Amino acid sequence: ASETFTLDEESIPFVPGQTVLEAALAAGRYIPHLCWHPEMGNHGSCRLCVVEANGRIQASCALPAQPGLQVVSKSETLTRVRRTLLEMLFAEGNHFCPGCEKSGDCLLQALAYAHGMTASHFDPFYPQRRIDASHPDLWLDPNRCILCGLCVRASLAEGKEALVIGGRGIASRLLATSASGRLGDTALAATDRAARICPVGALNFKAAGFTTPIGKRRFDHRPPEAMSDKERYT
């Protein structure tokens, strides 16, 4: 790192051509995100990583870092926009945490906690999609999926090509690439990277739930801001 830019009136080194998000995180400075992962890069979908620069609000994961670039990632506006985005993710799925085994181990949930989300003010959608449990070791709950793309990318990068996000608008969902459309008929396997990358409770292992006591779950004590890369990503 030779060159530098400014994040919240503080000097951040960067390598060309890192994005603002990549540089910020390498420097130990948090900007909220859901669909950025160190091995997979940025999907561009979640929009939690928005920041003020030039002089509009735009996604830090897509904004390349330039020398002297003036970036604000913390403001009243950005906090409210990020709150709204999280409330929208809650609204569109069936995020009933009390009945969810990823509770306390969920990045969406943790980010909502950290944004003081005391209640989603949007009327929820109550979608009616069914679990794909065709795979003998894995299951998919599409009503908890935040369409972050990380599973699809992991499966592509490791050469299994078992997953794809299809449909338009609200019809968008994760699907198997098999002819039958069952995960069981793909080459997906319990040892695949894609099988364990999901930041929420959507693409899960079977019969591995509720093994960690309350008070000892990944997000029980610290928020995402204050966590290492070992613990924040899977």
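Don't overthink the numbering: it's just position in the shown sequence, from 1.
- With 112 to 120 and 136 to 144 compared on mean CA B-factor from the PDB entry, the stretch scoring higher is 112 to 120.
- Look at the mean CA B-factor for 62 to 70 and for 29 to 37 in the entry; the higher one is 62 to 70.
- Within the listed group 56, 206, 193, 43, the record reports its top CA B-factor for 56.
- Among all modelled residues in this chain, the alpha-carbon of residue 213 has a temperature factor (C-alpha) in the lowest third.
- The PDB entry assigns residue 79 a C-alpha temperature factor belonging to the middle third of its chain's modelled residues.
- Ranked within its chain, residue 94 lands in the middle third, by CA B factor from the PDB record.
- Annotation for residue 103: C-alpha temperature factor in the lowest third relative to the rest of the modelled chain, per the entry.
- For residue 49, the recorded CA temperature factor ranks within the middle third of the chain's modelled residues.
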